[PDB]
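Residues per chain are reported as follows:
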Amino acid sequence: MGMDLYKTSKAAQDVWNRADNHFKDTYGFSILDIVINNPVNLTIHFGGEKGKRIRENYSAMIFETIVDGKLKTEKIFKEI
Amino acid sequence: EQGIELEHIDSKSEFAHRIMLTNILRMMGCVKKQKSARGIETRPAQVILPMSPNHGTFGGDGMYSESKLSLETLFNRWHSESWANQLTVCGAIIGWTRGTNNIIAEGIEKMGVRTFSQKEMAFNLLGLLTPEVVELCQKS
């Protein structure tokens, strides 16, 4: 989807680039490899420094929940 | 190779040097090409170089010394070169493991020295993969 336009519009690939590059560096995980061939499963490796930096970044998101006004801080990623 | 001293270093050694050094170099030199083409940079491959303290201290082992001695130069490069993210060196040691000269092991152990069964030295190198050390290799 759009991967044709992404091959054509300089002003368009300047979006998928600024996006995946950001995801590539912040979640170790690129969309441009997702859309051009949808994989069934996706394992995220937590390598060396970049790896640890990305894994804490994964664990840094919190799913709050309304319970009697309580902004209950609980973990997005339980297996992490 | 045994019995090979300096005037006997020839084909069989120049071959063994490739089995041990320049192809362990081209094993690492060629998982990076695959690490880097996929873009994999968070799953680095810990290398376990079998080293030894025998650097020409024993007799005529052939070119077995400057083979396994020219493997600690694999630290002058993990910091120097570009393959640091895909490979992490974790040197090791051939201690004195019995099996593969076996009749004088009981002799040395009288010098307060430990010699290892293969299953014992198995345990050690295998503890070199423990999730603790894996990080420790992954800083330095």
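**Overview of the overall build of chain B**
In terms of regular secondary structure, chain B is built from seven helices and two strands. Counting from the amino terminus, chain B carries its helices and strands in the arrangement α-α-α-β-α-β-α-α-α. A principal-axis box enclosing the C-alpha atoms of chain B has dimensions of 50 × 35 × 20 Å. Here chain B holds 140 residues, and 27% of them are scored as buried. Just so you have it, chain B exposes about 9300 Å², and 59% of that area is on carbon and sulfur atoms. With 15 positive and 15 negative side-chain charges, chain B shows a separation of 10 Å between the mean positions of the two kinds.

**So, the overall build of chain A**
Across its full length, chain A carries three helices and four strands. With respect to the three principal axes, the spread of C-alpha positions in chain A is 50 × 35 × 25 Å. Within chain A, buried positions represent 19% of all 80 residues. Residue pairs in contact within chain A that sit at least 24 positions apart in sequence constitute 26% of those at least 6 positions apart. Split by element, the accessible area of chain A, about 6000 Å² in all, is 59% carbon and sulfur.

**Observations regarding the pattern of salt bridges**
Residue and element names in this part refer to chain B. Considering all chains together, one arrives at five salt bridges over all chains under this definition. For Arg77, the salt bridge is made with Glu81, and the minimal N-O distance between the two is 2.3 Å. For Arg77, a relative accessible area of 34% corresponds to the partly exposed category.

**A few points about the interface of chain A and chain B**
Of the residues lining the interface, seven residues belong to chain A; the matching set on chain B comes to seven residues. Contact between chain A and chain B buries roughly 630 Å² in total, counting both sides, with carbon and sulfur atoms accounting for 50%. The interface formed by chain A and chain B holds one salt bridge in total. Its residues assigned to classes, the side of chain A that touches chain B comprises one nonpolar, four polar and two charged.

**What about the side chain of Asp61 of chain B?**
All names here are of chain B. Mapping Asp61 onto the fold places it in the loop between β1 (45–47) and α4 (65–68). Although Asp61 lies buried, it forms no salt bridge, and the closest oppositely charged side chain, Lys68, sits 11 Å away as judged by the N-O distance. Of the polar contacts made by the side chain of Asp61, one reaches the side chain of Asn54; its length is 3.0 Å. In this view, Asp61 contacts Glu1, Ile4 and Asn54; residues no more than four positions away in its chain are not counted.

**Examining the side chain of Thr88 of chain B**
All names here are of chain B. Residue placement: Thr88 occurs in strand β2 (residues 87–89). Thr88 gets classed as buried once you look at its relative accessible area, which sits at 4%. Contacts of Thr88, omitting those with residues within four sequence positions, involve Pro44, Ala45, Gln46, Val47, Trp78, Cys137 and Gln138.

**Let's talk about the packing of aromatic side chains**
Under the defined criterion, the tally for this structure stands at six aromatic pairs over all chains. Through pairs of rings, three or more aromatic residues link up here, namely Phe23, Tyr27, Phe29, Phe46, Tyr58 and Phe77 of chain A.

**Re helix α3 (residues 49–59) of chain A**
Taken together, the buried positions of α3 of chain A are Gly51, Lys52, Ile54 and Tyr58 of chain A. Down the axis of α3 of chain A, the buried side of the element spans an arc of 165°, and every buried residue falls inside it. In this structure, the buried side of α3 of chain A is in contact with α1 (10–26) of chain A together with α7 (131–139) of chain B.

**Description of a nonpolar patch on the surface**
A surface patch of nonpolar side chains, amounting to about 260 Å² of accessible area, comprises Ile108, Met111 and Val113 of chain B. Along the polypeptide, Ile108 of chain B turns up in helix α5 (residues 105–108).

Here is what the cut-offs are and how they apply
- Residues numbered from 1 in each chain as written, not as in the entry; some residues may be left out.
- Chains lettered and ligands numbered in written order.
- Part of a larger assembly, values for the part shown.
- Heavy atoms only, no water.
- Helix = DSSP H or I, 4+ residues; strand = E, 2+ residues; numbered from the N terminus.
- Buried < 20%, exposed > 50% of the residue type's maximum accessible area, 1.4 Å probe, protein only.
- Areas by Shrake-Rupley, 256 points an atom, 1.4 Å probe, with all protein chains shown as cover.
- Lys, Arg positive; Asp, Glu negative; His and termini not counted.
- Charge placed at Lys NZ, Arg CZ, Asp CG, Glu CD.
- Contact = heavy atoms within 4.5 Å.
- Salt bridge = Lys/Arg side-chain N within 4 Å of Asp/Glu carboxyl O.
- Buried area = accessible area lost by both parts, 1.4 Å probe.
- Nonpolar A, V, L, I, M, F, W, Y, C, P; charged D, E, K, R; others polar.
- Polar contact = N/O pair within 3.5 Å; in protein donor to acceptor, adjacent residues only side chain to side chain.
- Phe/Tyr/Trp six-rings, centres within 6.5 Å; stacked < 30°, edge-to-face > 60°.
- Arc of directions from axis to C-beta.
- Patch = residues over 30% accessible without salt bridge, like charges linked within 9 Å, V, L, I, M, F, W, Y side chains within 5 Å.

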